[PDB]
Structure formats: structure tokens, C-alpha cells
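Asker: Encoded as C-alpha cells, here's the structure I'll be asking about.
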Amino acid sequence: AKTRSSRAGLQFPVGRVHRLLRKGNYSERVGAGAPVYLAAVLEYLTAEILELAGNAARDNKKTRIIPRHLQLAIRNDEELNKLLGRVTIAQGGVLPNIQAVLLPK
Amino acid sequence: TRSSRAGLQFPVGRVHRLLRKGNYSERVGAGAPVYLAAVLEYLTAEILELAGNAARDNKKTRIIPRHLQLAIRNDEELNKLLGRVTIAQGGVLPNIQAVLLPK
Amino acid sequence: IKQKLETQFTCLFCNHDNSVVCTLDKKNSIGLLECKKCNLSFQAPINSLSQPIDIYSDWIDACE
Amino acid sequence: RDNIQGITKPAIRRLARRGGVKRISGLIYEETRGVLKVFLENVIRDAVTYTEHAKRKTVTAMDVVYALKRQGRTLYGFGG
Amino acid sequence: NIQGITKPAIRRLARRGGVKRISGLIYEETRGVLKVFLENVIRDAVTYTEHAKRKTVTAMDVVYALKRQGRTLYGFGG
Amino acid sequence: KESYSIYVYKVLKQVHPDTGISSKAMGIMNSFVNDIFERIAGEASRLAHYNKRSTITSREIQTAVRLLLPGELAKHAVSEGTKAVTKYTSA
Amino acid sequence: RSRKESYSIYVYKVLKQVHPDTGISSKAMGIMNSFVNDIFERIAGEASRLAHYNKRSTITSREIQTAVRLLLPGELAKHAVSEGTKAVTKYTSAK
Amino acid sequence: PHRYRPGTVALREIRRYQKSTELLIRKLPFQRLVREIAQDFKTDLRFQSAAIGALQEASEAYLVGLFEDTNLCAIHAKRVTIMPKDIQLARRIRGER
Amino acid sequence: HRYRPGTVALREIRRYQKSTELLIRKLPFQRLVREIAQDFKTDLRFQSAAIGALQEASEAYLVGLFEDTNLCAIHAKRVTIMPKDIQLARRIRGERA
DNA sequence: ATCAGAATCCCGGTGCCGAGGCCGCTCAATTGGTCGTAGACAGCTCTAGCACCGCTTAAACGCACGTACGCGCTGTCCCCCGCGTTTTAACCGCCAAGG
Ligand SMILES: [Zn+2]
């Protein structure tokens, strides 16, 4: 395997990330395992949240993910919601919060 | 020293050093640390000036940190600055909701 | 009352000798080995007859 | 001028309903206008300051993104 | 354990807060929220010391963990 | 000026392989990815300057991912990262 | 013996300027050192973001000015900008 | 006719606006208010539309959060009618003075 | 004889807004913190200054959260605290989901 | 109002201790000198921000009108304040098993 992405069996460009670290004014030198490690973490985070995205979009018989799907999938998670607490999505809205004092009883 | 050559009180070259070792950029200009040092100098002047007035209030000579927290909590813009800031031996505003005062 | 005893045993991990402390709680039948150096901890059940050599023996078998 | 009064009561109603608010008092609307105004004051002050150092007389979406990240009210969606 | 928190301690917490009149279940609720607070704080503090490869948590790491939760505290060299 | 679009497509085909996406959904995703990358990287730079270590290896990245994400996500991420380290180190 | 840092003597002199008849506690001096640390760090972080949202890596005083009036609230900020600008003139007018 | 002593109107429109996706404040008057605030610190500034849309987005989100905590303040007040000092208490706790 | 209630509490509020000394004394707080950390890492020592830092931050944290909770109850047309008030304040700040 | 009496404030007092002066070092600021490209600047080009209007229409405004949660009041009942009474979280000195 010529490319390090094929040498990692992953989907992200590592030397991209290493140049980002170099053109970051982050450290002075950057080792060889840290960019691979961080890119793998990124790839796991993408796949993990896109799981909840897939189920949340499948909730409404629509092949395409909309932003409302993403906000729903975040707020229906616990770890991602405490992750994204200061965070707002464009075209998001919020959850159905109908209080029990409101329904006609 | 450039600070004396700027007629100020904070050491320039220490700050110039810390800007280098902070990975703050790739290159560092000439007088940017002078400007930053003067900013620091006026900030601490204003803060400790109000602290001096706080010691004038209690008629204390040595500054206790309670003076510092009080002078932070009195002024508007300073308290909006240091909103997420707390200090050990701080305390709070001597404050009473008069709706809980008796009749 | 708990018994806090120093021993002359060698820690199976950090290899510092005379640095293993044994805390034997007989009220709940729980013995505790502690390393004063690298800071590891091992727990094992104890009876009423046990002594620092009884749980340190159980720690040797728990590794192997 | 007076676009602060361009805020309509039915818009405040719609915001309350997606906000989930059932019952609306009458002394609410101008208070709402004032809070919205102070919010947007601090926002556009910081965005224009970012554009002041940009040496370009036009403010971008990226500018407003960076400025609201500075406030910690950080919003995604448009890149930045 | 958690019951080392005395009732007049949380009362004194109301007093420096300036709170007058006290209910019942307040005490256990207080101990719970204090617990979760210290849980997150000391968790990432020990994470700092894990990276430190050292067997004592520094006061520095405590300060930096407070910064990491946006809870910046002066006073003790931070 | 590159976005991460086909990377998202390949992750998506690896997870829900019969799923479309809108444009602005991809935009919010890349906003998300950039935010996360910046937060971790800056926290690693804090690790360096709080620890006087003139470079950064993978161990710093592991402890920073611990410092940001909570428990279950953190442990699974540490697992995935070490597995990637393993397979890249083997070849 | 490793040599540690403080900013105590500097702000100490400044305190002696603005109030000659005034003492201070040691812990509060450490607090002020932490204060300078915190303000400096927020400024420098805004400077790095100034760099990356300007795609430049040189730092001049102009960036420091725009950083300060990004962080600090208005009236205080403008007074501080005035102090810094007059200091820039007094220094760079001479050597 | 079918006048309907109330209850279905408000909650039904809540159901509609939470089925909804898009904005509520319409574009032009909000834009003109933005430019009036903008005409105060540096004159004569030009804008791209996506900035304004982001401003509108975050504005409505900010007010939605205000309304949510205000709503819970009212529910704790054993009332459904909101009050202004509800919003003042909410912003007191949010530290946004 | 007997004093009438509410008075001594406010008098000691005026007393306890003065000394910024630590309210929870040391040893039990230290035991609680030690019993907590142990759950994250066994055999862990603590710099005593760090313990004082934890103590300071914890006490100021709880005092401020009490202040917001107290103002919630004052808004709630009452004087006495409730646990639901703490839930309301925390729901505004956003600790719990 | 109004007195008695708790509660607190506030004034010498002394003591002790750390803030501050002070003093002899040495290592980073300085001083000076030498490459170098980043950027301050000149200038080219085409986009897009702006302004304007005509047409469409759905959205706001005013009012008619009941009405029903908000609220002031009430009684009530209960359960925290507080002051009193033990009482138990912390450390200090002779026993009677070892060696
Ligand atoms: Zn060991």
C-alpha cells in the first residue's frame, strides 16, 4: 500500500491532518502516531453519530438526512446531547415538549 | 530595557519570549509586546485602583482578597468581564432580598 | 477493628520490596493489598485465620 | 428607524408556540424586543469589529460565525 | 460516606447564599448534586494525572480541569 | 478548498448503505468535524504547554479524547484508535 | 534549584505608583499574577484566531488592539487602547 | 356555530410548529432592523445573505430557549400565564445580564 | 424566653456574608473526596493545597447555585426552598438533560 | 410607643509573624550584525450587493365579545426554628500480655 490511508485501512487523509497540525501553530514537532490516532477517533465519531442519523432519518421514510433528523438524533442521545450542550444546528428546532398540564383531559 | 525605553513598567522581552514559546504565531513583530504590556498595565491599574478604594472603605492597609472580590462585583464592565471567574477567599455581595425581610 | 500492617513482600509489578501494605477487614471478610510505590491495589476474601501471607499468596495465583 | 417596532405580535406568538408556550401575557412584547435588541447589539458589534480588522467593507457569514463562537453561543451550519 | 455532610453545613451554605427558610429533602438532593459535580471534576483531574505518569494529582491539574469545565478559579497559581 | 464529502459517503455506505443526504446536512457535518478537530487539537496543545513536552504523540491524543468525550464514547474511541495504531504498526 | 516565575515585583511597583500608602497580602499578589495569566491567555488565543481567520502569521500591534476591543467591554477597552497607543507613540517615536 | 371554548387552537398550532422545520420571523423587517443596529458603530456596511440567515437562525434559537425556561418557570409558578419577571429570572440564572 | 422565628437566621446571614472562611471543615470533606477519587484510580495521594482548591470551588459553586434557587423560590410566591426549585435552576443551567 | 435585655459594634492592647526591605548573585535582555520573504502595496476583473418597482396575496390590525385563569382573600393545619439536652467525631496515659 503506497498511501498511508490504505496503510491504515481507513477513510481519512492522514497527511492532511499532519499538515493541519504543522500549519496550525499547534506544537513545534508532530510525531507519526498522533495524526493516525486522531483521524481514527474522528472516523469513529462520524460512524457513531451517523448511526443515529440513519435511524432517525429512517423514522420518516425518507432516504435523505435533513438537519431536523440530526438535531433529533442528537437530543435523543445522552452523551451527544451533553456533548453538544452549547451547540445549535441550523434548521434545527427542538424536541416535542408537550407538558402534561396541556392536553385536554 | 525597552520598557524603560517605552517608559512603562512591564518587561517586554519576557513577554516576547512567552509569545515565542506559546506557539502563538510563526513570527513576532517589534512593538506588539509593548502594546500588550501597556494593556495589562492599565488593566491592573484600574483593578487595583478600585481595590485601593475598597481598602479605603474598610480602613485596611494590606489588601485582603475580599476587597478584590468586592471591587470586582461592584463595577459593571469588570463584573461582566469576570463573570465566569471566582476567587478563593472570595465571598459574595452582602445582599438581602427585602421581600424576605420581616414586617 | 481493621488491621493496617506493613509487610516485607515484593510487589509483583513494580518490584519494590518492603512496600506492600495489607489491610484486613474481618468484619466484612475483605482483605486489601496496597503498594506504597506504584500504587496498585488487589482485593481478596479473607477468613478469621488469615494473615498478610494468606492474601499475598492469593495475589501470586491471581496473576499466574 | 422604528424597525424595532417591526417586530409583530403574531411572530412572537409563533415563537411562543414552537417554544411551547401556551398562554401569553400582554406586557411581554416590548420586553422581548429589548432583549432581542441587546443580543443583536453585542453580536453585530463583535462581527463588525472582526470585519474592521479584515480591511474589507463587507461582512461575511464566516465573520458572524467566528464572532458567535467567541460568545460561546456557537452555531454550525454555514462553515467556520 | 456521602453522609459526612452535616445539616448545618448546608444551612451555612444557605446563609452565605443568604437563604432564609429550609425544607426537608433539600439535604439529600444537595449531597447528590455535589457528588455529581465532584465526580466530573475529579474524573478529569485524575485523567490529567494519568497523563502526568505520576502518583499525585497536582493542584495545577485541578486548576486546569476547572478551566476545562469553564470554571476558572484564581488564587492557587493557575 | 476541500470539504469531507466523499469521506462521509463512504462512512455512510459502511453504515446505512441505502441512505441519501442533503447538501446542508453535509455542511453541518463538516462544521461539526472541524469543531471537534479544533477542540481536540487545542486541548492537546494545552497538554503540551501544561506539560512542557515539545511535541505530541498518540498518548496525548488518547488522554485528550478522555478529557472531552464522556465514558462510553471515550472507551469505544480509545479502542478504535488503538486498533488503528495496531493495524498501521503491523504494516 | 529551578528558577520559577512571578509578576509580583512589576505590579507591585504599579501599586506603589497608584497608592504609595498601601500594603498587600501575598496570596492576593498571586491572584493578580493569575489574573495577568488569564487575560494574556484569552488575548493570545484571540490573536491565534486572528491569524487563522486572516491566513497570516505575523503579529503586529494592530492585532493586539483589535483583540482587546474584541474581548473587553467598550469604555474600559477604549481607555486601554488609548494608553497602549500613546505608549506605542512614545516608544517608537524614539528608538 | 362551532366557536369552540379554547384549548385545541394553541396546542394544535404547537403541534404544527413542532412538526415544522423553517423560520418564523419573515425576512425584510428583520433585515432592516439589523441594518439599523448596524448603522451605529461603523457606517455604510455591506452584507451577504447567508450571514443574515445565520443571524436569524441563532436569534430564533436564543428566543426559543428563553421561552422554554420561561415556560418551566411558569409551570413552577402554578400558572400558565407568563410574566415578564419570569424572563428576568431566566436571564438572571443564565448570567446574561 | 423564646424569640420569634426568622430573625436569627437573617442576623447570621449578615454575619456569614462577612468572613470568606471555608464552611465545611476539612477532615470529613477530605474523606468524601478520597472515597470519590478512589472510584477513578486506586492508591492516589492528594496535595493539600489541591484539597483546599476543591473545597473553595465546591463551596462557592454551591453558594451561587443556592442564590439562583432562592431567587426562583422568591419568584414562586413563597419563602421556603423546595427540591423542585433546585431542579428548575439546574434545568435552566443545563447540567442534567 | 416603651423598657429590659440580648446581640452586636467598637476601642485599647499585645503579640507575633509575615510583608517588605535588602543584598549578593547569573542568565536572559540586550546590542549589534547579517539574510530573506511576508506583506504593504499597485493594480485587474467580474460578482454581487444595492436600489427600485410592478404584481400577488397572504399576513397583520382592529374590534366584538365572552370568559376563565390570575389573583386577593380566607381558613386552616403542620411542620421547621430554635433553644434546650445529650452526644459523639477527634486524641492522650496507665494496664498486663510479650520478650
Ligand atoms: Zn506495586
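Every number here is computed from the coordinates shown, using simple stated rules; none is lab data. Heads up, the Cβs are rebuilt from the backbone with ideal geometry, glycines too, and the neighbour counts pull from every protein chain shown.
Asker: Calculate how steeply helix G:8-18 sits against the longest principal axis of the alpha-carbon atoms of chain G, using the helix alpha-carbon long axis, and give the answer as 0 to 90 degrees to the nearest 10.
Answerer: 80 degrees
Asker: Classify chain G from the C-alpha gyration tensor, please: rounded if a/c falls under 1.5, else prolate or oblate depending on whether a/b exceeds b/c. Working shown, then result.
Answerer: Numbers: a/c = 1.87, a/b = 1.48, b/c = 1.27.
Verdict is prolate for chain G.
Asker: Quick one: what are the phi-derived ³J(HN,Hα) couplings along region C:43-50, Karplus 6.51/-1.76/1.60 with θ = phi - 60°, whole Hz, x for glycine and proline?
Answerer: Those phi angles translate into 10, 7, x, 10, 9, 8, 8, 6 Hz.
Asker: Moving to a separate point now. Determine the sum of side-chain charges near I:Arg91: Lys and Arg each +1, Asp and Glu each -1, restricted to other residues whose C-beta is under 13 angstrom from that of I:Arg91.
Answerer: Working: positive: H:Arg94, I:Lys84, I:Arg90, I:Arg93, I:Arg96; negative: H:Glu68, H:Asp69, I:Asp68, I:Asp85, I:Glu95.
So the environment of I:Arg91 carries a net charge of 0.
Asker: I want the local charge near F:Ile56. Using Cβ-Cβ distances under 10 Å, sum +1 for each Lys or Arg and -1 for each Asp or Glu among the other residues. Each step should come with its number before you reach the end.
Answerer: Working: positive: A:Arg29, F:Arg53, F:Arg59; negative: A:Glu28, F:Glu60.
Net charge in that neighbourhood comes out at +1.
Asker: Further, regarding this structure: How large is ³J(HN,Hα), in whole Hz, for each residue of region I:17-23 in order, when computed from phi with the Karplus curve 6.51 cos²θ - 1.76 cosθ + 1.60 and θ = phi - 60°, using x for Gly and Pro?
Answerer: These are the phi-based 3J(HN,Hα) values: 8, 10, 8, 7, 6, 6, 6 Hz.
Asker: Something else now. Can you give me the long-range amide H partners of C:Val21? Hydrogens built in the peptide plane at 1.01 Å from N, cutoff under 5 Å, separation of 5 or more residues or another chain.
Answerer: Under 5 Å from the amide H of C:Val21: C:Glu34, C:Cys35, C:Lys36.
Asker: To check you understand DSSP bridge types, tell me what percent of the beta bridges within the protein assembly as shown (both residues inside) are antiparallel, rounded to 5. Present the calculation step by step, with values, prior to reporting the outcome.
Answerer: Numbers: 16 of 30 bridges.
Taking every DSSP beta bridge within the protein assembly as shown, about 55 percent pair in antiparallel fashion.
Asker: Then there is this: Put a dot 7 Å past each Cα toward the Cβ at G:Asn37 and F:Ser22; how far apart are the dots in nm?
Answerer: 4.7 nm
Asker: Which ³J(HN,Hα) values in Hz, rounded to whole numbers, follow from the phi angles of region C:17-23 under the Karplus curve 6.51 cos²θ - 1.76 cosθ + 1.60, where θ = phi - 60° and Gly and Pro get x?
Answerer: 8, 6, 9, 10, 10, 10, 10
Asker: Also, I was wondering about something else. Take the alpha carbon gyration tensor of the protein assembly as shown, find the square roots of its eigenvalues, order them as a ≥ b ≥ c, and report rounded if a/c is under 1.5; if not, report prolate when a/b exceeds b/c, else oblate.
Answerer: Details: a/c = 1.15, a/b = 1.13, b/c = 1.01.
Because its axes are fairly even, with a/c under 1.5, the protein assembly as shown counts as rounded.
Asker: Pull up all non-local amide H partners of D:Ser25: gap of 5 or more, or a different chain, and H-to-H distance under 5 Å with H placed in the peptide plane.
Answerer: Those qualifying (amide H under 5 Å, at least 5 residues apart or on another chain) are H:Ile82.
Asker: Please rank F:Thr19, D:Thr58, H:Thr43, fewest neighbouring Cβ atoms within 10 Å first, as an exposure proxy. The partial results should precede the final answer.
Answerer: Working: F:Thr19 18, D:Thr58 12, H:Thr43 7.
Ascending number of Cβ neighbours within 10 Å: H:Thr43, D:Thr58, F:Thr19.
Asker: Anyone know which of F:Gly20, F:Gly81, F:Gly42 comes out most mobile in the 10 Å Cα GNM of chain F?
Answerer: F:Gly20
Asker: Then there is this: Straight-line reach from F:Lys87: which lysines have a Cα under 16 Å away, not including same-chain ones fewer than 8 places off?
Answerer: Cα-Cα hits under 16 Å: A:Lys2.
Asker: In addition: Enumerate the helices in chain I for which the Kyte-Doolittle hydropathy averages 0.5 or more and the C-alpha atoms extend at least 24 Å along the helix's axis, using complete DSSP H runs. All intermediate terms of the calculation are to be shown ahead of the outcome.
Answerer: Values: long enough: I:48-75 (41 Å, 0.57).
What comes out of the filter, once short or polar helices are dropped, is I:48-75.
Asker: Just need the relative contact order of chain I here, percent rounded to a whole number, with Cα pairs under 8 Å and 6+ apart.
Answerer: Numbers: 27 pairs, mean separation 18.1, N = 97.
Reported as a whole number, the value is 19 percent.
Asker: Rounded to the nearest 500, what is the protein assembly as shown's calculated 222 nm mean residue ellipticity when only DSSP H runs of at least 4 contribute -39500 (n - 2.57) each, over all residues?
Answerer: Details: 33 runs with 480 residues, N = 810.
-19500 deg cm²/dmol, from helical runs alone.
Asker: Still on this model: Would you please give the residues with an amide H less than 5 Å from that of C:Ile30, counting only those at least 5 places away or on a separate chain, with H modeled from the backbone geometry?
Answerer: C:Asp25, C:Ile46
Asker: For I:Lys77, go through the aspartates and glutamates and keep the ones whose alpha-carbon is under 17 Å away, minus same-chain ones fewer than eight residues off.
Answerer: Reachable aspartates and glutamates: H:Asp86, I:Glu67, I:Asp68, I:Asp85.
Asker: Ok, one more. Determine, for B:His16, G:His79, the number of other Cβ atoms within 10 Å of each Cβ, and report the residues in order from fewest to most. List each step's numbers first, then the result.
Answerer: On the way: B:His16 18, G:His79 14.
Lowest to highest Cβ neighbour count: G:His79, B:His16.
Asker: Determine the alpha carbon to alpha carbon distance for each of G:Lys55/G:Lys78; B:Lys21/E:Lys53; G:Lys27/I:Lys41; A:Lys23/E:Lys67 and list only those over 30 Å. Write out the running numbers ahead of the final one.
Answerer: Details: G:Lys55/G:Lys78 27 Å; B:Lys21/E:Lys53 24 Å; G:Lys27/I:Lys41 32 Å; A:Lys23/E:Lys67 26 Å.
Beyond 30 Å between Cα atoms: G:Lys27/I:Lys41.
Asker: Where the only charges are on Cβ atoms (+1 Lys, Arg; -1 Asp, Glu), what is the dipole of chain G about its Cα centre, to the nearest 20 debye?
Answerer: Values: 16 positive and 8 negative charges, 78 e Å.
Dipole of chain G, to the nearest 20 debye: 380 debye.
Asker: Pick out which of I:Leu32, I:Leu23, I:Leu62 has the largest mean-square fluctuation in a Gaussian network model of chain I, springs linking Cα atoms closer than 10 Å.
Answerer: I:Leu32
Asker: For a test of the definition: using alpha carbon positions, the gyration tensor, and the 1.5 limit on a/c, classify region H:1-58 as rounded, prolate or oblate.
Answerer: Details: a/c = 4.74, a/b = 2.77, b/c = 1.72.
Since a/c reaches 1.5 and a/b is larger than b/c, the shape of region H:1-58 is classed as prolate.
Asker: In which sequence would H:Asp40, D:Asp2 go, from the one with the fewest C-beta neighbours within 10 Å to the one with the most? Before the final figure, lay out the partial values.
Answerer: Values: H:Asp40 11, D:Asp2 8.
Sorted ascending by nearby Cβ count, the order is D:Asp2, H:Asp40.
Asker: Which of these, B:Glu46, B:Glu77, B:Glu26, has the largest mean-square fluctuation under a Gaussian network model of chain B (Cα springs below 10 Å)?
Answerer: B:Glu26
Asker: Once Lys and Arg get +1 and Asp and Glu get -1 on their Cβ, which of G:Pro20, G:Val88, G:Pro73 lies farthest toward the positive end of the dipole of region G:12-95?
Answerer: The residue sitting farthest along the positive end of the dipole is G:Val88.
Asker: Another question about this same structure. Output the peptides A:51-60, G:1-10 sorted from most to least packed, where packing is the average of other Cβ atoms within 10 Å over each peptide's residues.
Answerer: Values: A:51-60: 17.1, G:1-10: 10.5.
Peptide ranking by packing, descending: A:51-60, G:1-10.
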